[PDB]
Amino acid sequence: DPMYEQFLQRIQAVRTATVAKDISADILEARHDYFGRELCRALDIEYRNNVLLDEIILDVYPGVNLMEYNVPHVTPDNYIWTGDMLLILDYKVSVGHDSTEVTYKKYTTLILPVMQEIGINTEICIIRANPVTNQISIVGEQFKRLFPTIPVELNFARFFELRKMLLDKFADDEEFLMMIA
């Protein structure tokens, strides 16, 4: 697993809180992308990770004149264009709901208004994995309808192992315990 080994090498060598903070953030981003790949694989949908909203619009509505609209340049993780409906997808890996709420608010208020002007029926979907319990929580009524079961096989233990080693290595470093938390 060259992903695990790459983090381990960085954790072995890191000496400063700033480089350590970046490793921690990279591990959190990596387990996020791991969940997205596994989810898209299980649902046999196309795997994407951050698509510019303008690019989504051009895929679903090639004839659009971009310059006719105020398109926020957000990059949701992924999308599903059924031909009648656009599900905007964002992955989350978290034990809590705050990150979901924050992103739900953002994409609801920024994406829906312009998609209604353009005329594309859209739903904001956030799929969260709890990295401790592996349970999946979905917001998006149309998504649940399309995918009533999510047969993922998730294992977040290696991400926990790596990040724990990093936190252990900097447990007596005041600068670090500030930056991560």
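Rigid core here is just the name for the largest C-alpha set that superposes within 1.5 Å across the two forms. Numbering starts at 1 and follows the sequence shown.
Averaged as a root mean square over residues and superposed structures in 4 other deposited structures of this protein, CA distances to the shown form are larger in 62-70; the pair compared was 62-70 and 132-140 with a core fit.
In this entry, the higher average B-factor at the C-alpha atoms falls on 169-177, of the pair 169-177 and 13-21. Averaged over Cα atoms, the B-factor as recorded in the entry is higher for 67-75 than for the other of 67-75 and 86-94. Considering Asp54, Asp26, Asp33, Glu153 together, the PDB entry gives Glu153 the largest C-alpha B factor. Looking at the C-alpha B-factors along this chain, the one for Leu146 belongs to the highest third. Sort the modelled residues of the chain by CA B factor and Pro131 lands in the lowest third. Among the modelled residues of its chain, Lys164 has a C-alpha B-factor that falls in the middle third, as given in the PDB entry. In this PDB entry, the Cα temperature factor of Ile118 sits in the top third of its chain's modelled residues, the highest group.
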